[PDB]
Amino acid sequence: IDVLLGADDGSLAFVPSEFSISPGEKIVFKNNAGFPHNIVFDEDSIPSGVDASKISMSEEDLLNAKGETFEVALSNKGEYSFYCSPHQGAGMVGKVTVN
């Protein structure tokens, strides 16, 4: 599943921001507009026992180029909340459910 980092109108949003996937399904987060961006899973809002560092950028890491991606596949079932650190208060957040 492809997720844009920044909308095509420049909005600071993940597109889509809420979605569901199955285990091992690739998520490709792709810099689109308004970069740098990152994608950080909130360590307090992911499934039991999951290591956020296996699945996340750090808050200091950035994707700096249009078209640059961060790929991750999730395995454990449940809800995962994530955000772009520099744009979180602007609303650049999302939630993926693994079912």
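Start at 1 and count along the sequence shown; that's the residue number.
The top Cα temperature factor in the record, among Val96, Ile1, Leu5, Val93, falls on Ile1. Per-chain ranking of the deposited C-alpha B factor places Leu12 in the highest third. The deposited CA B-factor of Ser75 belongs to the highest third of values across its chain. Placement of the Cα temperature factor of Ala65 within the chain: highest third of the modelled residues, per the deposited record. Annotation for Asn32: CA B-factor lies in the middle third of the chain's modelled residues. Sorting the modelled residues of the chain by their CA temperature factor places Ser45 in the middle third.
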